[PDB]
Ligand SMILES: O=C(Nc1ncc(Br)s1)NS(=O)(=O)c1cc(Br)c(Cl)s1
Ligand SMILES: O=C(Nc1ncc(Br)s1)NS(=O)(=O)c1cc(Br)c(Cl)s1
Ligand SMILES: O=C(Nc1ncc(Br)s1)NS(=O)(=O)c1cc(Br)c(Cl)s1
Ligand SMILES: O=C(Nc1ncc(Br)s1)NS(=O)(=O)c1cc(Br)c(Cl)s1
């Protein structure tokens, strides 16, 4: 039986006997994703080039305006805005959303895969909304996921029921469910990190990657892949297994990716998919943020591969 | 003044006072790319999943049929067919086309970028058309390029007049000229290869990569990127500069990429953009093929980066 | 603030504190309508014509399948099925849907406007669902409307809250609310009927039409428009005012249009839009059907015009 | 074997050993029509309604056609329903063709989403003077090519040349015009008449009697069906596909009719004749009228020949 994203969320919402606010939020978000996808695939570019005589800015506005007008949110955190956005009172709902509206867009001149990442928290207190309502550990996530604008557009949605993958059919503007209850392989064969930074690697990372290239036993060395666009590298890791690393070094003691709207939603998808996600010293989802734009190192993927990393990591501790 | 692909090709054809066959071939090829792109982005996937109750094969069929019916071709070589296809006498024209109808499609389950690669030769001999007509060196290419199905779908077309880039506007199904007479950077800051084969690397490749991670002049190390899809990796190399390497390993002692419809067309685009493409021992375009599916090692990209590799290569004889 | 059809229905439905069955129904129906529009604008026709080497039947299948899999219906009546379809028990909901999946389709060979018409009733008894559950007067409509596949695609939805018009943005596959709580003009300037049956007209129709062409008060005569596709002629009456007639003649004492899935939903849209809808002797919504395909004569549109028709009809006892 | 418009025109051009200017022209026109269709189906309308927090359609259509023709290097004079004067292409972009067009006909009723269309006619420049408005004053007989786009339930391009009439379906999934009807011919006689009967008070007596004959046939045969969309391209295209007769005739208040000869009547008459139909003003063939003003009007009755003849017989009966 065919299933769409909207149909699916509605059916889960009725099972749970909820009020509907989250379904309205997710429906708005889904619509924002279709418009972003359309602009990313360069719909209307002929008009820009004079046939009749901003991509991350538009991305941010699409998500921002669709979430605000959903009547389901009260605080919004974005890669693009220095401060949390507080929804005006008439539109205030009960959810906090952190998002990266177009991750990887810094290299979009080469038409690399890009994506939107989002995380949804229930607002916990009844105080007047403020930036502080976004400083929750990822463990508190109600829902998280990403859309990948790759060879095709896919929406990956993680909730407590698990991880589900939806393909955008552009002929009809619908997300079709194509992977139910996805789980990552226990062990993979691919490692993903920018090896041009080798001069600066923490000694444990240097030893870990060296073992993937030169296994002590007779196993085959791992393949390397690194798109440089997080959503694409994480989705490959999810679909094929393995390990993704953007680790900490002495130049970056807290890593580079932002915890709220990059590391946590990926850590959440990974954990709902049976994988792992650590900073080296703790699970990414247990980190308690103090700044909405603070960074975190992240190592995520297949459990055996992440467990092996932590073993090399503790060897150097 | 705005320009489309078909408009651009027609204007060159009349300047060149030619018969139109290459225009018809190129026009047909362009139609195939729009169908492939439509298919790669999953238009109509909802019907396959039962809303009303293989991708590399289809791409090959679209290209074959559009070329055959162009009346402009006589021999077709495809990554997907063990033998050259001989066009029937009534449809025979004067051109030989080597193409990969969907390169990278082996990893499309993760929505990696994919692309179509093509090279167009004039038939050289006067014998009956046969497989022998495709065994020409890349130096003999009349036209070459690729369609990249990435965040957007872009067509890169290379001829003697230089390199030109056309963006597919999917709202109207037209290729829009967006980059005229492209030239690659003299020196880039990114190197690209699968470093998991390090156990098998040639000493010259090993030394070259170390100089990228640990520069002798203590200048900044290069960034690493490796998508694993040749069209995406080479296109990034063209847009941002740098160097792409797929050298030989123990599983691939003659390298892995195919000379006729992968290495030569990319080498031609690179050279027409002012860049370089070498096997280590000779220019890719100077290799005389003996087998239509034969492999080649290739190092290509910015001239300063490619020369430095060759300087290291000669150090190791 | 921007609104889509699904967001609009969710917000009304939450206001009404309902179970969600109707929203699931309306969303499924929206998905079917987007699919039909894609087929109607001939997406993919290149494949039927051999690029790689039914319409009303497909339309009926799309509606049937989205309705069956919506978990909101139990009885379906279609222009295309002699008998009502009884939803299988595990998919049963409480709603009865009567629809014409592609009316006007016999003349789609000239690319005339076509459309989907639908009316939604709540089920009657709790015994076996059966064909009798569709034999309700139009007065019982819970919701009704149509999609028009014209120069653009528009969905018109009528409920207790009023009539609203949604434009399908084909770039993103969303219905955007563009006309809130719409009302028909009190009096229009266009009459619409097939004047080729004039030899068979009821004397009242003859006198009414003569009054439009040769106005007694020397006002300007009405313009005539008749596309031959009911959804197209009816939408024009809604948008611009005027009167649409498919009257009973000497040959067809109960007219030609079908009461359940053509006349009733248009009368319902007309009444909720401030217009009128008569058979000549009674309000269309007051007719109690006895057979699911029974026909009814219909005169609908701007009230002053329909009253003017009724006044001539009453004169002819 | 599949055929697209761009492929088909290239092939015909190579058979005829032409220079390519007409093919560059038609390809440019073809692109404009895909752009109009996209806007007519309302792509991107969510942005106009604030999904992230420009012009009117007949203005945008005219700019699309104007700009593509100018950049085609194939034109020298452009006449449009929307511009009082002929546009004379700048010397650097000048070609040898004169194009008359209605960029978005029927647009007065596009608010109800009725079918609309683009109409075009292409003449060769005859004289050797510098290009001017006068180079467009040619009879329809001089047409090199003519046709229309119908933006209906699907988008179709009907293109007529000496080789005949061909119909192309736009596949919006890939943006190509697919050949779906080769060498089209109209029925000898139809069953549909098409005109605005709301003007009946003012009909010329020939129109009144002829229409009266369609509703109440003398040989107690079945009456004709009526259709009138009110959009010329939709009504004319239906006449081609199903046969029949289309009338926008002259009355005493409009002795030269309302539709424009250069960019509405002539291109439709040219298609009708190439498909085996007829097109008359009542007194002469539309294609034989010599225009004196680029925006002058003409009466037109066109369609299946047997039906047009019956009209002309009724017309002559009323002298
Ligand atoms: O959406 C609802 N209820 C509904 N009532 C009617 C319709 Br129709 S949907 N509840 S919810 O808390 O938002 C939710 C969404 C998901 Br997915 C969950 Cl799991 S729980
Ligand atoms: O295309 C033509 N001639 C034409 N005449 C009129 C039109 Br319109 S096209 N010749 S060609 O040999 O195919 C060619 C394409 C390119 Br690009 C070249 Cl350089 S040479
Ligand atoms: O839709 C709901 N409930 C919902 N709860 C949460 C979400 Br989210 S939708 N009920 S209904 O009876 O279907 C209905 C549709 C319309 Br439109 C009405 Cl007015 S009432
Ligand atoms: O276009 C050409 N020749 C060509 N040369 C190369 C290519 Br490729 S096409 N001739 S033309 O005069 O424009 C013309 C179009 C039609 Br349709 C005619 Cl009949 S004649």
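Please treat every number below as a calculation from the coordinates, not as lab data. Because the Cβ atoms are built from the backbone with ideal geometry, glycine has one as well, and the counts that use them run over all protein chains shown.
By DSSP, what percent of the beta bridges with both residues in the protein assembly as shown are antiparallel, rounded to the nearest 5?
Counting DSSP beta bridges with both partners in the protein assembly as shown, the antiparallel share is about 80 percent.
With a point put 7 Å past each Cα toward its Cβ, work out how far residue C:317 is from residue B:179 in nm, to one decimal.
Here the modelled spin labels are 8.6 nm apart.
By counting other Cβ atoms within 10 Å of each Cβ, how are D:83, A:103, B:133, A:109 ranked from fewest to most?
A:109, D:83, B:133, A:103
If we count other beta carbons within 10 Å of each Cβ, what is the order of D:99, D:207, A:178, fewest first?
A:178, D:207, D:99
Any chance you could get the radius of gyration and Dmax over the Cα atoms of the range A:176-317, in Å?
Cα-based Rg and Dmax for the range A:176-317 come out at 14.5, 47 Å.
Looking only at Cα atoms, what is the convex hull volume of chain A per residue, in Å³?
153 Å³
Beyond 20 Å, what percent of the Cα pairs of the range C:50-124 remain?
Cα-Cα pairs in the range C:50-124 separated by more than 20 Å: 36 percent.
Based on the Cα coordinates of the range B:1-120, what is the per residue volume of their convex hull in Å³?
Taking only Cα atoms, the range B:1-120 has a hull volume of 142 Å³ per residue.
To check you understand DSSP bridge types, tell me what percent of the beta bridges within the range D:59-157 (both residues inside) are antiparallel, rounded to 5.
Beta bridges within the range D:59-157, antiparallel portion: roughly 75 percent.
Per residue of the protein assembly as shown, what 222 nm ellipticity follows from adding -39500 (n - 2.57) for every DSSP H run with n ≥ 4, rounded to the nearest 500?
The helix contribution divided over the protein assembly as shown gives -9000 deg cm²/dmol.
What per residue convex hull volume, in Å³, comes out for the protein assembly as shown when only alpha-carbon positions are used?
About 180 Å³ per residue, rounded to a whole number.
Arrange the following residues from fewest to most other Cβ atoms within 10 Å of their Cβ: D:300, C:306.
If I rank by nearby Cβ atoms, fewest first, I get C:306, D:300.
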